[PDB]
Structure formats: structure tokens, C-alpha cells
Amino acid sequence: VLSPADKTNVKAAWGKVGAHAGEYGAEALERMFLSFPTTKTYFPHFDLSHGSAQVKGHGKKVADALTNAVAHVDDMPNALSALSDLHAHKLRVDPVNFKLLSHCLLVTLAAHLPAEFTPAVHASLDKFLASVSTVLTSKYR
Amino acid sequence: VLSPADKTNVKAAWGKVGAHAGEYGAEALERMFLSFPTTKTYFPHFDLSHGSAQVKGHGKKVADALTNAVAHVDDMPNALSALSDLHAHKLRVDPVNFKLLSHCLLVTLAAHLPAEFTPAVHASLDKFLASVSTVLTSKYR
Amino acid sequence: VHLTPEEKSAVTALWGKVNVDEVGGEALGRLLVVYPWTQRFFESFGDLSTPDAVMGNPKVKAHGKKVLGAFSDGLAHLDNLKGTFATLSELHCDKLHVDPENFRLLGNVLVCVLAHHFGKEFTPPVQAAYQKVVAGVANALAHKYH
Amino acid sequence: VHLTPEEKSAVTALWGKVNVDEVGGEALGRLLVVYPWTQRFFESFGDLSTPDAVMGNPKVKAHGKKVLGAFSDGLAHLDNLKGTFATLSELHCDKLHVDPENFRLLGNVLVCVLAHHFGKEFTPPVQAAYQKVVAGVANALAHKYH
Ligand code: HEM
Ligand code: HEM
Ligand code: HEM
Ligand code: HEM
Ligand SMILES: *Cc1cc(OC)ccc1OCc1ccccn1
Ligand SMILES: *Cc1cc(OC)ccc1OCc1ccccn1
């Protein structure tokens, strides 16, 4: 459950990614694939070599979905139902994997937005990503 | 996130608890304190001896809160705001403990309502308790 | 990892009443139903689309029997669960890459199935004795992660 | 923990630039802020009411420094993290009763702090190496649990 403060912290912080969405999304995915090799088994058909264009494109998709999540922070289950069907109904992604990606997204944001990544903002971003994770791993339809 | 079937299953099964609310709430508490002794550290001033009146009274408070949650399953953050202030802000309860109590509640339900505790109902009750746990461990004010 | 003499007697006493042909299947089936992502590890088992499909799936019941067999072997060697599940730990951790949190969940689902079957007989002290067993089994299975 | 010699160099190089007076307090501080329930273990530390209070707290900074020192000793004994953390494990497991998941969280928060301090220098490859270190450190601290 996000507080009104968590909501404004996420919008201000994530709004900084701006046109770096694809770069940041790709980097978070790269960090996850390298640090937690097991997460690769979910993308067996992907070219997972560093600099891979497939990963670059996918990173953009992930970043954009987050941007949409931030925009519909008050009705995420509704706004993310399509992704919930994909990750929970079809892919059956183990919840631990979302925690690994969320951690890598935080690391990416901390590496690129040092001024934005305050303790409180870091706290709101974590809760936000945890919420997004819960929705994508839940079958509520 | 609960699906319509989940909400339907939860209401129907908890409705079956009825007058036994306090009884089951107290038992779930006893099962937790005995199975996971660490959890007792949250009640340093409680009389946690078997059959204590204080534990009975608390089990009733816990049970009635769940009845309330069940009735406001679509508006839980608002309905349980005071319980959130208590558990998340004041007591700072580690979320691991909510999983222990939730499991002990499920055990108690399976031990008293064998006909009701079907796989589908079990699944729905677990998600609902996890959902209640997230709300109480979250600071959203 | 640490069961008092009284807790061992309690566990051993109850387990003797357990139906080795059903309980395992009920636990594995409920694991797949209650925590749907676990269905991913059982791709070849067939129909797991709905609760009834899962609970009625022959491969699930049979595999549950094997799982239960491992829990029994562990109960007959409570003082050495690490060795008892040594080979299984390699399979689940090195080969299958099952996250250890799932071992804990299966353990608690088994406990729920035990409660469901024995009812009032599954008393708080018995549950506590059993929480140590499943925790020890989960711990043993994750040994290859330690 | 298995670190390629190339990963060892990258790790050592980065660690050698770590501000030992601040990094530790910042990781412990962010832990208390991001996972509030951990605060319950530092009641003697005074004011933890707000984030700024937590981060500027003298006792938090001093304690974080010790935590940082613990990670430094681990980096100097990767081939023997269990032995090196044998005393700390007994303290955190048998005495404080800290849940293992919390050891993992602090390890990752430390990773986030390194990212915050080194920005561009904390590359994905460097992170990967550090993740193996913190996992090894967390596992050791939790061995008395296994
Ligand atoms: C904040 C968390 C996450 C978000 C927002 C997210 C978002 C997305 C998006 C937007 C897509 C594209 C769907 C489409 O329009 O076709 C997708 C696909 C996918 N995601 Fe995620 N994802 C997240 C976490 C995960 C995790 C943790 C895993 C597993 C390690 C994962 C595995 C996949 C896979 C396998 C695909 C399919 C790729 C393909 O073949 O096209 N995702 N995700
Ligand atoms: C199903 C989840 C839970 C529910 C619905 C619940 C509900 C409640 C209720 C209704 C009260 C009474 C509040 C009042 O007096 O106004 C309470 C108090 C309390 N709860 Fe919970 N609780 C839950 C889980 C937990 C867990 C997991 C812990 C700790 C292991 C915990 C620790 C406490 C403590 C310390 C108190 C205050 C006791 C006192 O009077 O000193 N609760 N809870
Ligand atoms: C915690 C208790 C558990 C026990 C004692 C256990 C035991 C077993 C046993 C006895 C086998 C048969 C080994 C063989 O003869 O090859 C097996 C196989 C397997 N287990 Fe487990 N297991 C446990 C938990 C899990 C969990 C949580 C998962 C994953 C969600 C899992 C996934 C598997 C898979 C995929 C196989 C191989 C199935 C196949 O033949 O395709 N197990 N397990
Ligand atoms: C996994 C990383 C961790 C490391 C490397 C670590 C390291 C340390 C060290 C070096 C000490 C000082 C011991 C002494 O002076 O004798 C200590 C004490 C302590 N740690 Fe940790 N720790 C870790 C995780 C945690 C976590 C997650 C908690 C709980 C939220 C925790 C709670 C404490 C407490 C309460 C003390 C006692 C301080 C006092 O009151 O004097 N530690 N830790
Ligand atoms: C609010 C929250 C916090 C966490 O962190 C523990 C995890 C999940 C959530 O909420 C997910 C959710 C469910 C239903 C509607 C909106 N958001
Ligand atoms: C639906 C759900 C599921 C889990 O894990 C099984 C954890 C949390 C939630 O949702 C909690 C929530 C948050 C905000 C509004 C309503 N419910």
C-alpha cells in the first residue's frame, strides 16, 4: 500500500528517467541476467549476450510498462491486467524473480540518479516495485 | 490482488466460522506462539500461558478484525488503517511473522472446517491473508 | 535440526497413522494450486489448468507419493536430515534451481494437509513438533545452497 | 565464494575507494528506513523517528562502520566465510533471532549504496561480483540457522 508521499516520490524520481527509459530498462535487465544467472531460463529464446538488441528492445518495453504503472498508480490491477495475464497466467514467473529485478532497477536508478535516490525515495520505489510485482504475479481475473 | 472467485470463497468460508471466531483466533495465536516462539517477543507483557484469558480476548480481537476485513475486502486499506498504524508504525512487526500467523490460521481452519477447506478455498484464504498482511505491515499514511 | 525427545515421539506417533498413498498427492496438488508459479516446474505432467484438474492428475498423485516417501525417510532419520536429503538437494538446487522458499511452502502445505486430515488430533504441540520437521527438511534440501 | 581473478581485481579496486566512515552507516541507515521493522532491533540507538534522523544518527553511523568492517574481513577471507563469521552468526542467530531474509536485504542495500556512491563505475559486471560476495556473507551469518 502506497502512501500519498510514496506516490509523489515515485513520480518525481521515475520522471527523471525520461528518455533514458530504454537505457535504464536494458541495464536493469543486464544487471539481473549477470548477477542472477537463473533468471535467464525465462528467456531461452532470447539473445542474452551483452549489448544484445533483443534485450535493448525488451528493456524499453519494461521501462515503458513501469511508466504506465506510475501513471495509473491508483488502479494498477486494472492498468496492468494484460501483464498479469502474461507473467502470472502464462509465464508462471516465480515471485523471487521479481524481487531480483526490482533490486536491479533500484541499483540502476541509484547509479544514474544519485540526487533522486534519497533514503525516503529509495523506500517508496521499493514499495512501488513490490506492488507492481504483486500485481504481475497474481491471478485475479 | 484477489479475483472475484477468491472474494466469493473467502466470504463463504469465513462466514462458516461465525460464532467460533474468537475460538479459532485464540487457537491460531496459541499455535503460532508454540510453533514459532520468537513471535512471543511481540507480547512481552502478555499472559501467554495455555488457556489464558488474555490470549482468548486477543484471539477474538484478531478474529473480528478479519471479519471486518472480509466485509471490506474491496476497501481494506481504509477499513484497516488503524490496524496498519498499530502493526506497521508502532509495533514495526516483521512481515515474516504475518506469514506465520496466516499459516496458523489456515491450519486452524483446516482442523475445524474439513469440508470447507478445499484446495480452491485454501488458495483463496491464503491470498486474502497475504493481502491483509501487506496492508498491516505497510505505512500508507 | 532440533527436536526434543517428546517432539520426536509425537511426530513418529502421528506419522504412523498417515495414509502414504494420499497425503503426498494432496500436498503436491495443493502446492500447485495455492502457489500457481510452482506449476512451471511440472510442465510435462499434463493438465494443471484448474484445481480439479490438478488434484485429479495421476502424475501429481504418483509424484506426491515419491515426495511423501522422502518425508518418511527423513522422519526415520531426524538426527541426520542433511545426509538423508543430500542427493535430493543436488537435484532441486543444482539441477532444477528451485528457489528454497518453495521448500518452506511445500512444508507448510503438508502441515495444512495434516491438520485437515487429523483435525482436533493435530494439536498445537503436535503442529509445533512438525514445524521443526518440515523446517529441517526444507533446510536439508537447500543445503546445496549453503 | 567463487570469484574469477578478474572479478577479484574489480572488487578490490572498488572497495579500496570505499569511504569507511560513511558507507556502512548509509547501508544500515537505508535498511532501517526501507524496512522499518528492522528498527525494532536498534531500540537503544535513540532517535529513528524519521529518515534524516536515522541517517544522521551517530549510533547508526558508528554501528554501520562495524558492519562495513565485517564485510571487509569477509572480502579478506572469501575461502572461509563460515569460520570468519562463526561468532557473528551465533550472535545474530541464537541471540538476536534475526530472520535470514533480513541478512539478504542488508546485503542488497549495501549493493545499492555502492551503486549510489560510484555511479557509472558500479557496472553490471562489478555488481555481479559483489552479489556473490554479499550472498556468501549473508549465508555465513545464517549458518548457525542451518
Ligand atoms: C517490474 C517487473 C516487470 C515488468 C514491469 C515487466 C514488463 C514486461 C513487459 C512490458 C513485457 C512485454 C509484454 C508484451 O507487450 O508483449 C514483458 C515480457 C516478459 N517478461 Fe516481464 N516484466 C517484469 C518482470 C519480469 C520478471 C521478474 C521476469 C522473469 C525473470 C520476466 C519475464 C518476462 C518474459 C519471459 C517476457 C516475455 C518476453 C518475450 O518473449 O517477448 N518479467 N515483461
Ligand atoms: C491476520 C493478521 C493480524 C491481524 C488481523 C491482527 C489484528 C490485531 C488486532 C485487532 C489487535 C488489537 C488492536 C487494538 O487493540 O486496537 C492486534 C494487536 C496486536 N497485534 Fe496483531 N494482528 C495480526 C497479526 C499480528 C502479528 C503477526 C503480530 C506479531 C507476531 C501481531 C502483534 C500484535 C501486537 C503486539 C498487538 C498489541 C497487543 C497489546 O495489546 O499489547 N499481530 N492485532
Ligand atoms: C520440500 C520437500 C520436497 C521433497 C522432500 C521433494 C522430494 C522429491 C522427490 C522424492 C523427487 C523424486 C526424485 C527422483 O527420483 O528423481 C522429487 C522430484 C522433483 N521435485 Fe521435489 N521435493 C520437495 C520440494 C519441491 C519443490 C518445492 C519443487 C518445486 C516447486 C519441487 C520440484 C521437483 C521436480 C520438478 C522434480 C522432478 C519431477 C520430474 O520427475 O519431472 N520439489 N522431489
Ligand atoms: C548480513 C549482514 C550483517 C552483518 C555483516 C552484520 C554485522 C554486525 C557486526 C559486525 C556487529 C557488531 C558485533 C559486536 O560488536 O560484537 C553487529 C551487531 C548487531 N547486528 Fe548485525 N550484521 C548484519 C545483519 C544484521 C541485521 C539484518 C540485523 C537485524 C535487523 C542485525 C542486528 C544487529 C544488532 C541488534 C546488533 C547488536 C548491536 C548492539 O546493540 O550492540 N544485523 N552486526
Ligand atoms: C501496497 C503493497 C506493498 C507491498 O510491499 C510489501 C506489496 C504489494 C502491495 O500492493 C499491491 C496491490 C494490490 C491490490 C491493489 C493495488 N496494489
Ligand atoms: C492481492 C495480494 C496478494 C499478495 O500475495 C499473495 C500480497 C498482497 C496483495 O494485496 C494487498 C492489497 C494492497 C492494496 C489494496 C488491496 N490489497
Side-chain angles (χ1 to χ4, degrees), chain B residues 1-3 5-6 8-10 13 20 23-40 48-52 55 59 95-96 98-130, chain C residues 2-4 6-7 10-11 14 23 25-39 48-57 60-61 64 101 104-135:
Chain B
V1 196
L2 305 180
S3 72
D6 289 326
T8 291
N9 292 334
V10 173
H20 305 295
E23 189 201 323
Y24 299 172
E27 174 174 342
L29 287 173
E30 293 198 5
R31 292 179 175 289
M32 174 185 77
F33 293 139
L34 200 66
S35 291
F36 317 104
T38 51
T39 66
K40 301 198 298 185
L48 306 179
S49 73
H50 172 58
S52 80
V55 168
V96 65
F98 274 77
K99 291 177 180 295
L100 303 180
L101 181 56
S102 296
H103 167 69
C104 293
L105 280 159
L106 289 184
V107 172
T108 309
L109 290 172
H112 290 279
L113 296 171
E116 315 299 353
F117 202 70
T118 64
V121 169
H122 175 171
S124 301
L125 290 174
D126 183 70
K127 282 180 65 177
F128 168 69
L129 294 171
Chain C
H2 172 65
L3 290 76
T4 62
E6 304 191 305
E7 297 178 315
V11 170
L14 186 77
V23 175
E26 267 295 304
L28 182 58
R30 279 172 187 265
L31 177 88
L32 289 168
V33 170
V34 181
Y35 305 109
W37 65 87
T38 61
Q39 282 157 34
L48 303 175
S49 56
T50 68
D52 289 331
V54 177
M55 305 305 295
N57 188 306
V60 168
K61 177 176 179 172
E101 165 70 342
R104 192 178 73 65
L105 296 173
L106 182 55
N108 288 328
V109 167
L110 173 56
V111 168
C112 285
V113 170
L114 288 184
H116 195 217
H117 172 248
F118 294 105
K120 187 180 187 304
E121 213 173 317
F122 197 62
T123 71
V126 172
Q127 184 192 335
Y130 267 96
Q131 296 293 164
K132 288 191 176 178
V133 173
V134 295

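Just so we're on the same page: letters track the sequence lines, and every chain starts at 1.
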Atom group of C:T123 that falls short of 4.5 Å from chain B, counting heavy atoms:
backbone
Take C:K132 and B:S35 through the side chain to side chain contact (heavy atoms under 4.5 Å, CB included) test and state the conclusion after the steps.
CA-CA 8 Å; C:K132 288 191 176 178; B:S35 291; over 6 Å; no
Can C:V111 and B:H103 be said to form a side chain to side chain contact (heavy atoms under 4.5 Å, CB included), step by step?
CA-CA 9 Å; C:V111 168; B:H103 167 69; 3.6 Å; yes
Is C:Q127 close to chain B through its backbone or its side chain, or both, or neither, when contacts mean heavy atoms under 4.5 Å?
both
Any side-chain heavy atom of B:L34 within less than 4.5 Å of one from C:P125?
yes
Heavy-atom contact with chain C under 4.5 Å, split by part of B:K127:
neither
In terms of heavy-atom proximity below 4.5 Å to chain C, should B:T118 be classed as side chain, backbone, both, or neither?
backbone
Tabulate, in ascending numerical order, the residues of residues 25-32 of chain B having at least one heavy atom closer than 4.5 Å to a heavy atom of chain C, or enter 'none'.
B:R31
What's the separation between atom CZ in C:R30 and atom CZ in B:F117, rounded to the nearest 0.5 Å?
5.5 Å
Name all residues meeting the side-chain hydrogen bond (donor to acceptor under 3.5 Å, both in side chains) criterion together with C:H2; count only those two or more places apart in sequence or in a different chain, and write none if there are none.
none
Name the member of C:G119, C:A135, C:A129 that forms the most heavy-atom pairs with chain B at distances under 4.5 Å.
C:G119
Close side-chain approach of B:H50 and C:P124, heavy atoms under 4.5 Å:
no
Would you indicate whether the side-chain heavy atoms of C:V33 and B:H122 approach each other to under 4.5 Å?
no
Would you check if the side chain of C:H116 reaches a backbone N or O of B:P114 as a donor-acceptor pair within less than 3.5 Å?
yes
Below 4.5 Å from any heavy atom of chain C, which atoms of B:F36 appear? Answer side chain, backbone, both or neither.
side chain
Under 4.5 Å from any heavy atom of chain B, what part of C:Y35 do you find: side chain, backbone, both or neither?
side chain
